[PDB]
$ cat start-v4.pdb   # PDB, N, CA and C atoms and all ligand atoms
ATOM      1  N   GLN V   1       0.854  -1.223   0.000
ATOM      2  CA  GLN V   1       0.000   0.000   0.000
ATOM      3  C   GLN V   1       0.876   1.254   0.000
ATOM      4  N   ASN V   2       1.570   1.504  -1.076
ATOM      5  CA  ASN V   2       2.443   2.711  -1.132
ATOM      6  C   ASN V   2       1.664   3.909  -1.676
ATOM      7  N   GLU V   3       0.925   4.574  -0.834
ATOM      8  CA  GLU V   3       0.145   5.760  -1.296
ATOM      9  C   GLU V   3       0.480   6.964  -0.433
ATOM     10  N   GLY V   4       1.685   7.014   0.011
ATOM     11  CA  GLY V   4       2.142   8.170   0.826
ATOM     12  C   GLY V   4       2.848   9.099  -0.143
ATOM     13  N   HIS V   5       2.149   9.496  -1.166
ATOM     14  CA  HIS V   5       2.781  10.340  -2.209
ATOM     15  C   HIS V   5       1.829  11.410  -2.738
ATOM     16  N   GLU V   6       2.237  12.103  -3.756
ATOM     17  CA  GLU V   6       1.330  13.095  -4.373
ATOM     18  C   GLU V   6       0.590  12.362  -5.483
ATOM     19  N   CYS V   7      -0.694  12.477  -5.552
ATOM     20  CA  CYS V   7      -1.420  11.738  -6.621
ATOM     21  C   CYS V   7      -0.702  11.938  -7.955
ATOM     22  N   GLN V   8      -0.142  10.888  -8.500
ATOM     23  CA  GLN V   8       0.595  11.031  -9.787
ATOM     24  C   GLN V   8      -0.214  10.453 -10.946
ATOM     25  N   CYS V   9      -1.514  10.481 -10.858
ATOM     26  CA  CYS V   9      -2.334   9.939 -11.967
ATOM     27  C   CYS V   9      -2.385  10.952 -13.114
ATOM     28  N   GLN V  10      -2.032  10.545 -14.303
ATOM     29  CA  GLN V  10      -2.070  11.496 -15.451
ATOM     30  C   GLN V  10      -3.452  11.446 -16.098
ATOM     31  N   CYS V  11      -4.408  10.918 -15.386
ATOM     32  CA  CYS V  11      -5.778  10.811 -15.907
ATOM     33  C   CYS V  11      -6.508  12.143 -15.765
ATOM     34  N   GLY V  12      -7.801  12.097 -15.836
ATOM     35  CA  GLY V  12      -8.614  13.332 -15.683
ATOM     36  C   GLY V  12      -9.389  13.236 -14.370
ATOM     37  N   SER V  13      -9.492  12.051 -13.828
ATOM     38  CA  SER V  13     -10.224  11.872 -12.543
ATOM     39  C   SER V  13      -9.327  12.285 -11.376
ATOM     40  N   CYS V  14      -8.059  11.976 -11.444
ATOM     41  CA  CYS V  14      -7.144  12.347 -10.358
ATOM     42  C   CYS V  14      -6.578  13.735 -10.630
ATOM     43  N   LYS V  15      -5.927  13.893 -11.743
ATOM     44  CA  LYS V  15      -5.361  15.224 -12.101
ATOM     45  C   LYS V  15      -6.351  16.339 -11.712
ATOM     46  N   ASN V  16      -7.625  16.036 -11.693
ATOM     47  CA  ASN V  16      -8.638  17.071 -11.325
ATOM     48  C   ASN V  16      -9.273  16.738  -9.968
ATOM     49  N   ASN V  17     -10.131  15.751  -9.923
ATOM     50  CA  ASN V  17     -10.783  15.383  -8.630
ATOM     51  C   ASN V  17      -9.732  15.232  -7.534
ATOM     52  N   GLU V  18      -9.603  16.221  -6.693
ATOM     53  CA  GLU V  18      -8.598  16.139  -5.601
ATOM     54  C   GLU V  18      -9.170  15.362  -4.418
ATOM     55  N   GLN V  19     -10.307  14.751  -4.595
ATOM     56  CA  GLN V  19     -10.908  13.976  -3.468
ATOM     57  C   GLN V  19     -10.158  12.663  -3.274
ATOM     58  N   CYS V  20      -9.365  12.313  -4.231
ATOM     59  CA  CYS V  20      -8.586  11.063  -4.168
ATOM     60  C   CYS V  20      -7.121  11.350  -4.516
ATOM     61  N   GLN V  21      -6.781  12.602  -4.662
ATOM     62  CA  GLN V  21      -5.382  12.964  -5.019
ATOM     63  C   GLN V  21      -4.486  13.003  -3.780
ATOM     64  N   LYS V  22      -4.749  12.199  -2.784
ATOM     65  CA  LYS V  22      -3.876  12.267  -1.573
ATOM     66  C   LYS V  22      -3.755  10.936  -0.832
ATOM     67  N   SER V  23      -4.251   9.870  -1.374
ATOM     68  CA  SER V  23      -4.117   8.572  -0.636
ATOM     69  C   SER V  23      -4.290   7.353  -1.543
ATOM     70  N   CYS V  24      -3.726   7.400  -2.704
ATOM     71  CA  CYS V  24      -3.810   6.274  -3.639
ATOM     72  C   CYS V  24      -2.434   5.614  -3.753
ATOM     73  N   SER V  25      -2.364   4.315  -3.679
ATOM     74  CA  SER V  25      -1.027   3.648  -3.742
ATOM     75  C   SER V  25      -0.443   3.677  -5.151
ATOM     76  N   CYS V  26      -0.968   4.486  -6.021
ATOM     77  CA  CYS V  26      -0.401   4.548  -7.378
ATOM     78  C   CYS V  26       1.096   4.843  -7.302
ATOM     79  N   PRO V  27       1.884   3.910  -7.749
ATOM     80  CA  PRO V  27       3.348   4.109  -7.743
ATOM     81  C   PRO V  27       3.681   5.186  -8.748
ATOM     82  N   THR V  28       3.830   6.404  -8.262
ATOM     83  CA  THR V  28       4.083   7.607  -9.122
ATOM     84  C   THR V  28       4.757   7.239 -10.422
ATOM     85  N   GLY V  29       3.950   6.614 -11.179
ATOM     86  CA  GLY V  29       4.272   6.124 -12.530
ATOM     87  C   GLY V  29       2.940   5.840 -13.251
ATOM     88  N   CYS V  30       1.825   5.774 -12.526
ATOM     89  CA  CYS V  30       0.528   5.483 -13.197
ATOM     90  C   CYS V  30       0.373   6.321 -14.466
ATOM     91  N   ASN V  31       0.355   5.679 -15.598
ATOM     92  CA  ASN V  31       0.203   6.421 -16.880
ATOM     93  C   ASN V  31      -0.723   5.649 -17.824
ATOM     94  N   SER V  32      -1.456   4.703 -17.302
ATOM     95  CA  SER V  32      -2.381   3.910 -18.161
ATOM     96  C   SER V  32      -3.825   4.102 -17.693
ATOM     97  N   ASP V  33      -4.759   3.471 -18.345
ATOM     98  CA  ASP V  33      -6.183   3.622 -17.932
ATOM     99  C   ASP V  33      -6.662   2.351 -17.230
ATOM    100  N   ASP V  34      -6.205   1.211 -17.672
ATOM    101  CA  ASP V  34      -6.620  -0.061 -17.018
ATOM    102  C   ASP V  34      -5.632  -0.429 -15.934
ATOM    103  N   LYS V  35      -5.056   0.562 -15.367
ATOM    104  CA  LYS V  35      -4.106   0.358 -14.257
ATOM    105  C   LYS V  35      -4.399   1.423 -13.233
ATOM    106  N   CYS V  36      -5.624   1.834 -13.221
ATOM    107  CA  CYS V  36      -6.051   2.882 -12.275
ATOM    108  C   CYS V  36      -7.370   2.524 -11.649
ATOM    109  N   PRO V  37      -7.357   1.491 -10.896
ATOM    110  CA  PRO V  37      -8.559   1.098 -10.182
ATOM    111  C   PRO V  37      -8.582   1.885  -8.882
ATOM    112  N   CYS V  38      -8.131   3.109  -8.971
ATOM    113  CA  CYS V  38      -8.067   3.995  -7.787
ATOM    114  C   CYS V  38      -9.358   4.749  -7.569
ATOM    115  N   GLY V  39      -9.681   4.867  -6.335
ATOM    116  CA  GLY V  39     -10.903   5.598  -5.918
ATOM    117  C   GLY V  39     -10.562   6.436  -4.686
ATOM    118  N   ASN V  40      -9.307   6.470  -4.313
ATOM    119  CA  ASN V  40      -8.904   7.268  -3.119
ATOM    120  C   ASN V  40      -7.402   7.563  -3.165
TER     121      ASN V  40
HETATM  122 AG    AG Z 101      -3.560   8.706  -7.987
HETATM  123 AG    AG Z 102      -5.973   8.128 -12.141
HETATM  124 AG    AG Z 103      -3.575   6.867 -13.696
HETATM  125 AG    AG Z 104      -5.919   8.291  -8.500
HETATM  126 AG    AG Z 105      -6.269  10.934  -7.043
HETATM  127 AG    AG Z 106      -4.524   6.156  -7.352
HETATM  128 AG    AG Z 107      -3.873   5.440 -10.864
END

$ encode --input "start-v4.pdb" --output "structure tokens" --more "lines below"
Ligand SMILES: [Ag+]
Ligand SMILES: [Ag+]
Ligand SMILES: [Ag+]
Ligand SMILES: [Ag+]
Ligand SMILES: [Ag+]
Ligand SMILES: [Ag+]
Ligand SMILES: [Ag+]
Amino acid sequence: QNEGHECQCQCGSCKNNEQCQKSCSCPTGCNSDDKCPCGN
């Protein structure tokens, strides 16, 4: 669960919706769409 980072999602849901831009284990590399089952 490595989500102690800055939301690094290059999507439109994270890059914008800051409701989940602070606790997602996305390994600051998330750059795909079927690799973002993030909701927080
Ligand atoms: Ag994220
Ligand atoms: Ag995302
Ligand atoms: Ag992403
Ligand atoms: Ag996200
Ligand atoms: Ag986010
Ligand atoms: Ag995420
Ligand atoms: Ag993601």

$ resolve_selection --input "start-v4.pdb" --expression "the PyMOL selection byres (((not hetatm) and name CA) within 6 of (chain Z and resi 102))" --output "ChimeraX atom specification"
/V:9,11,13-14,36

$ write_last_selection --input "start-v4.pdb" --atoms "N, CA and C atoms" --output "PDB file, keeping the file's coordinate frame"
ATOM      1  N   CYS V   9      -1.514  10.481 -10.858  1.00  0.00           N
ATOM      2  CA  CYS V   9      -2.334   9.939 -11.967  1.00  0.00           C
ATOM      3  C   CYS V   9      -2.385  10.952 -13.114  1.00  0.00           C
ATOM      4  N   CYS V  11      -4.408  10.918 -15.386  1.00  0.00           N
ATOM      5  CA  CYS V  11      -5.778  10.811 -15.907  1.00  0.00           C
ATOM      6  C   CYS V  11      -6.508  12.143 -15.765  1.00  0.00           C
ATOM      7  N   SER V  13      -9.492  12.051 -13.828  1.00  0.00           N
ATOM      8  CA  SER V  13     -10.224  11.872 -12.543  1.00  0.00           C
ATOM      9  C   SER V  13      -9.327  12.285 -11.376  1.00  0.00           C
ATOM     10  N   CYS V  14      -8.059  11.976 -11.444  1.00  0.00           N
ATOM     11  CA  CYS V  14      -7.144  12.347 -10.358  1.00  0.00           C
ATOM     12  C   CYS V  14      -6.578  13.735 -10.630  1.00  0.00           C
ATOM     13  N   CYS V  36      -5.624   1.834 -13.221  1.00  0.00           N
ATOM     14  CA  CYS V  36      -6.051   2.882 -12.275  1.00  0.00           C
ATOM     15  C   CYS V  36      -7.370   2.524 -11.649  1.00  0.00           C
TER      16      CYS V  36
END

$ residues_around --input "start-v4.pdb" --residues "residue 25 (chain V)" --least-positions-apart "4" --cutoff "12 Å" --atoms "only C-alpha atoms" --output "list in words"
residues 1, 2, 3, 4, 5, 6, 7, 8, 9, 20, 21, 29, 30, 35, 36, 37, 38, 39 and 40 of chain V

$ atom_distance --input "start-v4.pdb" --atom1 "atom C of residue 15 (chain V)" --atom2 "atom AG of ligand AG 101 (chain Z)"
8.9 Å

$ atom_distance --input "start-v4.pdb" --atom1 "atom AG of ligand AG 104 (chain Z)" --atom2 "atom C of residue 26 (chain V)"
7.9 Å

$ axis_aligned_box --input "start-v4.pdb" --around "region 23-34 of chain V" --padding-each-side "8 Å" --output "AutoDock Vina command-line options"
--center_x -1.0 --center_y 4.7 --center_z -9.5 --size_x 27.4 --size_y 26.3 --size_z 33.7

$ atom_distance --input "start-v4.pdb" --atom1 "atom N of residue 34 (chain V)" --atom2 "CA of residue 18 (chain V)"
19.3 Å

$ build_atoms --input "start-v4.pdb" --residues "region 13-27 of chain V" --atoms "N, CA, C and O atoms" --output "short mmCIF file (atom, residue, chain, number, x, y, z; two decimals), keeping the file's coordinate frame"
data_model
loop_
_atom_site.label_atom_id
_atom_site.label_comp_id
_atom_site.auth_asym_id
_atom_site.auth_seq_id
_atom_site.Cartn_x
_atom_site.Cartn_y
_atom_site.Cartn_z
N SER V 13 -9.49 12.05 -13.83
CA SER V 13 -10.22 11.87 -12.54
C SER V 13 -9.33 12.28 -11.38
O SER V 13 -9.78 12.88 -10.42
N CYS V 14 -8.06 11.98 -11.44
CA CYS V 14 -7.14 12.35 -10.36
C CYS V 14 -6.58 13.74 -10.63
O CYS V 14 -6.75 14.65 -9.85
N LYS V 15 -5.93 13.89 -11.74
CA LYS V 15 -5.36 15.22 -12.10
C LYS V 15 -6.35 16.34 -11.71
O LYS V 15 -5.96 17.46 -11.43
N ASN V 16 -7.62 16.04 -11.69
CA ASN V 16 -8.64 17.07 -11.32
C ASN V 16 -9.27 16.74 -9.97
O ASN V 16 -8.99 17.37 -8.97
N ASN V 17 -10.13 15.75 -9.92
CA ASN V 17 -10.78 15.38 -8.63
C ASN V 17 -9.73 15.23 -7.53
O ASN V 17 -9.04 14.23 -7.45
N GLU V 18 -9.60 16.22 -6.69
CA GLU V 18 -8.60 16.14 -5.60
C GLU V 18 -9.17 15.36 -4.42
O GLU V 18 -8.59 15.32 -3.35
N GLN V 19 -10.31 14.75 -4.60
CA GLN V 19 -10.91 13.98 -3.47
C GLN V 19 -10.16 12.66 -3.27
O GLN V 19 -10.30 11.98 -2.28
N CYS V 20 -9.36 12.31 -4.23
CA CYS V 20 -8.59 11.06 -4.17
C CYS V 20 -7.12 11.35 -4.52
O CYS V 20 -6.32 10.45 -4.66
N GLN V 21 -6.78 12.60 -4.66
CA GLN V 21 -5.38 12.96 -5.02
C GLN V 21 -4.49 13.00 -3.78
O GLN V 21 -3.55 13.78 -3.72
N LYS V 22 -4.75 12.20 -2.78
CA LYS V 22 -3.88 12.27 -1.57
C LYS V 22 -3.76 10.94 -0.83
O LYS V 22 -3.20 10.88 0.25
N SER V 23 -4.25 9.87 -1.37
CA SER V 23 -4.12 8.57 -0.64
C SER V 23 -4.29 7.35 -1.54
O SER V 23 -4.91 6.37 -1.18
N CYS V 24 -3.73 7.40 -2.70
CA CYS V 24 -3.81 6.27 -3.64
C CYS V 24 -2.43 5.61 -3.75
O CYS V 24 -1.43 6.27 -3.87
N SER V 25 -2.36 4.32 -3.68
CA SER V 25 -1.03 3.65 -3.74
C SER V 25 -0.44 3.68 -5.15
O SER V 25 0.50 2.98 -5.44
N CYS V 26 -0.97 4.49 -6.02
CA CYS V 26 -0.40 4.55 -7.38
C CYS V 26 1.10 4.84 -7.30
O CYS V 26 1.49 5.91 -6.86
N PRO V 27 1.88 3.91 -7.75
CA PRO V 27 3.35 4.11 -7.74
C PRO V 27 3.68 5.19 -8.75
O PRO V 27 3.75 4.91 -9.92
#
